[PDB]
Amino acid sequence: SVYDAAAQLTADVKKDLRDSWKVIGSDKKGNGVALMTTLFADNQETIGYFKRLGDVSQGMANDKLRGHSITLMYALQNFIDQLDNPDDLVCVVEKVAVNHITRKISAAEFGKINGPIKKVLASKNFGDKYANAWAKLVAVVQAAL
């Protein structure tokens, strides 16, 4: 269950999540857009899903993409803040899950975000240990998809 996946996040994992978020979460506009642009660059097959955003190749100049990217970073902020209470983490995770289920996004497709996250983390010198921690958090959402 989603609860099982959340309850499985250890103190060490939460520590790495919080430490890395202190940095990548400090520039939501910059890192948020970087995350989306990396997703489109390495997984071009996902571009079609974001037609509402218009031409995503415009990057920062695209107001719809910028608004989307910043908002996505607050969803992650939400997750990070609820880490110590699995009950609260689960209900916010399920909220995000529903928004993607309605778009026909499978658990496997949702996991495509791990690549971009790893690269963005690496840009700030956060290695594999941190990428693995984030994959565990993403896995919590996948449990609901």
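Residue positions are given as counts along the sequence shown, with the first one as 1.
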{"query": "Per the entry, higher mean C-alpha B factor between 118-126 and 132-140", "finding": "118-126"}
{"query": "Which of 94-102 and 63-71 has higher mean CA B factor, as the PDB entry lists it", "finding": "94-102"}
{"query": "Maximum C-alpha temperature factor, selected from 78, 43, 58, 31", "finding": "58"}
{"query": "Modelled-residue ranking by C-alpha temperature factor, third containing residue 36", "finding": "lowest"}
{"query": "Third of the chain, ranked by Cα B-factor, where residue 17 sits", "finding": "lowest"}
{"query": "Position of residue 9 among the chain's modelled residues by C-alpha B-factor, lowest, middle or highest third", "finding": "highest"}
{"query": "Entry-reported Cα temperature factor of residue 83, expressed as the chain third it lands in", "finding": "lowest"}
{"query": "Chain-relative CA temperature factor third for residue 113", "finding": "lowest"}
